[PDB]
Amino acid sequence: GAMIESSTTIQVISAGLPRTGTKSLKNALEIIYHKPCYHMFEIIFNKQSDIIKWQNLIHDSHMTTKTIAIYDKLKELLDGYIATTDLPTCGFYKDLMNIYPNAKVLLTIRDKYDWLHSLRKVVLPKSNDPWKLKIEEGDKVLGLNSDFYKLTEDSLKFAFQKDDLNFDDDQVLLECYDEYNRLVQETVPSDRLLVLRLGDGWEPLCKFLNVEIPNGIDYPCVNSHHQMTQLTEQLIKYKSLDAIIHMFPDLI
């Protein structure tokens, strides 16, 4: 196809929850658009100063005049990006649709038990799981503190529309996952929504976005819980990111 000059603004809003292929989708959108896509890894690795900003925005999110200040801060946080994925953004999908009326919406989904298992290995181990201590030890190497965990918790509560949440309760998390995915599909006009399942690859995505399939580039497969376990163990072993980063090429 011909090469055209794409606008550096949010063109794709992905409402998918963490551990549904968000990092592979981020990578895929960056391959298509050649500009950055937001993700929790953007915060962790490039913009830890954004943590307090997302926390403030969530704090005010329950609240039109008030909306304009909030929408202005969302636009500010996303300046220079061509798409959003992952927490903390995904709970804001309805507001992002208003701010970027010409953006299209994605929802990444998967088997709920595979999702929960992945979530418990990477994002939200149970309180009494010994792996939680290793996760926390590796995170300190990256400069992540209790405010990072607060942002994860609060952005999940915001996405699930809950005042509080028993994070150690699998049944609660599974119900919230199903309800969240059902609500996205009931909210977004079908013309504006593409549901992606793990394994779908390039073709439905590129058709929805009116772009060619990237020539000679396989659809990304990154950020498996096995890979995250290795990342945590290697951070613990070497005590820095820069000592190990060459071992995690497309994930980091």
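Don't overthink the numbering: it's just position in the shown sequence, from 1.
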Select one of none, 1 to 3, 4 to 9, or 10 or more to describe the deposited residues without coordinates separating residue 63 and residue 64. 4 to 9
If you average the CA temperature factors as listed in the entry, which stretch comes out higher, 51-59 or 33-41? 51-59
Between 240-248 and 5-13, which has the larger average Cα B-factor in the PDB entry? 240-248
From 206, 196, 184, 68, the top C-alpha temperature factor is at 68
Highest CA B factor of 171, 145, 155, 108, as deposited, is found at 145
Quick tally, chain-level thirds of C-alpha B-factors: residue 93 sits in the highest
Please rank the C-alpha B-factors of the chain's modelled residues and tell me whether residue 151 sits in the lowest, middle or highest third. middle
Per the entry's values, where does residue 161 land by CA temperature factor relative to the rest of its chain, in the lowest, middle or highest third? highest
By the recorded C-alpha temperature factor, relative to the other modelled residues in its chain, which third is residue 75 in? highest
Please rank the C-alpha B-factors of the chain's modelled residues and tell me whether residue 133 sits in the lowest, middle or highest third. highest
